[PDB]
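Structure at a glance
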Amino acid sequence: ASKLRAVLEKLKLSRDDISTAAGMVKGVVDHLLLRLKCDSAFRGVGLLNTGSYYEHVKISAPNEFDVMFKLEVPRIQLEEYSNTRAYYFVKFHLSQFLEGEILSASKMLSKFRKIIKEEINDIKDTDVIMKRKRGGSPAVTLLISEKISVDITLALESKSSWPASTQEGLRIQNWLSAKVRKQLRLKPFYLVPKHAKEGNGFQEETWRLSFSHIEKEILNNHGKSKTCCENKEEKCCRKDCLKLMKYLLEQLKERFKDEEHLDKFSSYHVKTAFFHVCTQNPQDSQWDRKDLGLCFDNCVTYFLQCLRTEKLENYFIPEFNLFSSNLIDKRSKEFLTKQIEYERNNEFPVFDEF
Ligand SMILES: Nc1ncnc2c1ncn2[C@@H]1O[C@H](COP(=O)(O)OP(=O)(O)NP(=O)(O)O)[C@@H](O)[C@H]1O
Ligand SMILES: O=C(CNC(=O)c1cccnc1C(=O)O)Nc1ccc(F)c(Cl)c1
Ligand SMILES: [Mn+2]
Ligand SMILES: [Mn+2]
Ligand SMILES: [Zn+2]
């Protein structure tokens, strides 16, 4: 009926596209998993599916999938890197990766990337290529059949207690319950080969904490009520609001692709801000389908406040500020503030098709 509901209709994924893309991705991922198990270093890899497709908040087309290839490293000892809260040294067939007693993130990622590159070349039945290494990413990115991108992130799995920098994160007690928080923090955590900033460069030995699996569990079990979105009387608009925030940023980045001020914004910024708004608004009655426009406004104004105050804490690691001036210039946040305010004040013309 409404403008926003019409936008959501256009953002829905086609069942046929899903069927084709799911089969294509599974074939390639399962192949690489099998072949990586042949290498002595990656003998123990397992699959975890992550990101927006597996949280059912992928929009427009199923053409971008995220997966972790995780390895359990028992007796893992961590050392936080230079008070960064999110980046760590890992102290420790893995010997090829040691730089001292440090298990080098870049060394492992390099070898991981090299094995995958050699293995996709032998896939003659399918058209699979490696995309160029994108700086700062822990992923190795594939393109299947010129159309579907798959980001494969190497991860070390730890079944130890989560690091102390997470003690005050995951503030879900009033929304999803204290007992759920306790259950989630008994799950493993992951380290991925995303390196801390060091000057104008990177500390290439360091790893980054990742809780992508907890983000998926929260998105796929997202209500105060256990039956949220399982029946026609409890269809909340939380996922719709995240889809609309993602589309707002996707559209602005496309329009402003030649404007440097939008380069460092990402869908993870809107995902993080969305989790915070869920913490702020914990009741399912604050996400009623009939209030879609108000709920989406709640999300837009929260994100605008994050930009203006330069505060967007990582949801798991509260002293890691994604909107720190060390990461994004004030001028760039003000620029995005300007464009989002324009959309809010004009009923989101960037959502119009014509
Ligand atoms: N900067 C980051 N910090 C922590 N985790 C991240 C970061 N970027 C990506 N991730 C994780 O990796 C997943 C996949 O990344 P990405 O493909 O960029 O996002 P997405 O959520 O799948 N959104 P999209 O692909 O645009 O629909 C995210 O959902 C996060 O769980
Ligand atoms: O840091 C990054 C940079 N982002 C990307 O490379 C990107 C860009 C466009 C689409 N997708 C992606 C992707 O990452 O999937 N990603 C990241 C991934 C897993 C993690 F556990 C952590 Cl901590 C960070
Ligand atoms: Mn994705
Ligand atoms: Mn991705
Ligand atoms: Zn719901």
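Residues numbered from 1 in each chain as written, not as in the entry; some residues may be left out. Chains lettered and ligands numbered in written order. Heavy atoms only, no water. Residues with missing side-chain atoms left out of burial classes, pairs and counts.

The PDB entry lists the protein under the name Cyclic GMP-AMP synthase, with Homo sapiens given as the organism. Under its PDB record, the entry appears with the title "Crystal Structure of human cyclic GMP-AMP synthase (cGAS) in complex with compound 5; 3-((2-((3-chloro-4-fluorophenyl)amino)-2-oxoethyl)carbamoyl)picolinic acid". As stated in UniProt under Sequence similarities, the record for the protein gives "Belongs to the mab-21 family." (UniProt positions renumbered as here; feature names shortened; annotations may be inferred.)

1. Some words on the UniProt feature "binding site: GTP" in the protein
As annotated by UniProt and renumbered to match this structure, "binding site: GTP" occupies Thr50, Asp151, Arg208, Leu209, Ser210, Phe211, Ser212, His213, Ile214 and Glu215. Structurally, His213 can be placed in helix α6 (residues 212-219). Using a relative accessible area of 13% as the deciding quantity, one classes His213 as buried. Ignoring sequence-local partners within four residues, the contact set of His213 consists of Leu48, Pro188, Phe189 and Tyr190. As for its placement among the helices and strands, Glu215 is situated in helix α6. For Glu215, a relative accessible area of 4% corresponds to the buried category. Not counting residues within four places of it along the chain, the set of residues in contact with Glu215 comprises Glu55, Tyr268, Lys271, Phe275 and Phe316. (Helix = DSSP H or I, 4+ residues; strand = E, 2+ residues; numbered from the N terminus. Buried < 20%, exposed > 50% of the residue type's maximum accessible area, 1.4 Å probe, protein only. Contact = heavy atoms within 4.5 Å.)

2. Here's the deal with the coordination of the zinc ion (ligand 5)
Surrounding the zinc ion (ligand 5) are the protein donor atoms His222 (NE2), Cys228 (SG), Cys229 (SG) and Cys236 (SG), which sit 2.1 to 2.4 Å from the metal. Read N to C, the donor residues that coordinate the zinc ion (ligand 5) are spaced as H-x5-C-C-x6-C. As far as burial versus exposure is concerned, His222 and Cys228 are alike and both buried. (Donors = N, O, S within 2.8 Å, 3.2 Å for Na, K, Ca; no water.)

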